């Protein structure tokens, strides 16, 4: 029980090897899985056995029970579904070892191949009746019980233990790929095209973050890891790919939070001849149909304050509330910020309302980062009953967004927030090389615009944050398999 269980099971493998019994066989020819076994023999008669249809099935023993040395009860799991094993001495093929020698050797956690027939016990339990039982691979360690996990960080370290004990985690991850599959098929329906852009570049462009640094030995270059796929995707639209998208990982060297991770899955599409309204119409259709594709209703339950407090209802019914960033800030505080924002009359007009409201000052106090913290404390945690948009950002905050059609100083940028956390960022791209801020971003992108970029609108998604709200999870390490951990 302490640590000696790892020793005798290890010697048990050696005792089987010396006696001539190979403990890890090569191939077991199973003819039926467990989920299909459940679907095929679900409505059998209580006590009915199908003796003429023998089946070969595999699985992992999760409960070892006995009753008289000649009747042994097991729990065989596989692909998230569970059936019972009713090993009876009279049904055992008395030609491959003794019954006791064939069943006293296996314990909890062992992968075993079963040769038997389907049937239901008198208690009404669908079970497989093995005439032959062969150990495929033994579990040398002591597996914890049901509620002996999902507490410590052993899940984030050894996820294979968390996937075999808690039905939640398996449901968290089958819904994660269900989202990615729904998102991939959603774009393909609109004629989008999936591509692959490089991840090791000589410049860190696309967003605002802190990059990584690696080195190529055969070339002697110190390359930067990407933070987004903004620049290469636009170059492909110049190449004729009007509808293009890409799903993949992006790297960030920021602080690790419950919504922040060193690496996470990104998704950016770029729609040619699409304006500001085409994006919000695309966003409201995507999130609404997604939660309806999963839960059958636009209203979902989500414990915002951990599993210890009551949840809050998140309504995904379009249209979502649109909010202007500069217009809402100057109303809740009645501090009129006149453009230009990078002046000196207004840059401290908002400094005297961030330290006056007991909020951390962001250094450097640039007009772009001041409006960011002002929006993060006055607009973000506004509508938790339903997601909302923060639209019409200033041009100081979005150096890659096209000028607004009428309103000066602003742009057509939009950010969707769920429970106050950004999960979407979209704007109409700035296809003017002369009205650009950075070309006076690498030259590979500045030269790409000089060849002609159509009026394009882009959008980025946070899939790792989306799965958090769509699975009632509060941490970023719950929605990814192997999060970065400290030894």
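Numbering follows the first chain given and starts at 1. Definition used throughout: the rigid core is the maximal C-alpha set that superposes within 1.5 Å between two forms.
After a core fit, the C-alpha atoms in 7 other deposited structures of this protein lie farther on average from the shown form in one of 328-336 and 230-238, namely 328-336.
Farther on average from this form in 7 other deposited structures of this protein lies stretch 97-105, the comparison being between 97-105 and 221-229 by RMS Cα distance after core superposition. Among the other PDB entries of this protein that were compared and that flank it with modelled residues, residue 207 is left unmodelled in a third or more.
In the comparison with other entries of the same protein, residue 151 is left without coordinates in at least one third of those covering both sides of it.
Gap between residue 440 and residue 441: 10 or more deposited residues without coordinates. 243-251 and 370-378 differ in mean CA B-factor, and the higher of the two is recorded for 370-378.
As the entry records it, the average C-alpha temperature factor is higher for 331-339, out of 331-339 and 89-97. When the C-alpha B-factors of 195, 140, 219, 128 are ranked from the entry, the top spot goes to 219. The top Cα temperature factor in the record, among 208, 181, 266, 158, falls on 208. Looking at the C-alpha B-factors along this chain, the one for residue 148 belongs to the highest third. When the modelled residues of the chain are ordered by their C-alpha B factor, residue 133 lands in the lowest third.
In the deposited entry, the Cα temperature factor of residue 257 places it in the highest third of its chain's modelled residues. Residue 434: CA B factor lies in the highest third for its chain, per the PDB record. Ranked by Cα temperature factor within the chain, residue 272 sits in the lowest third according to the deposited record.
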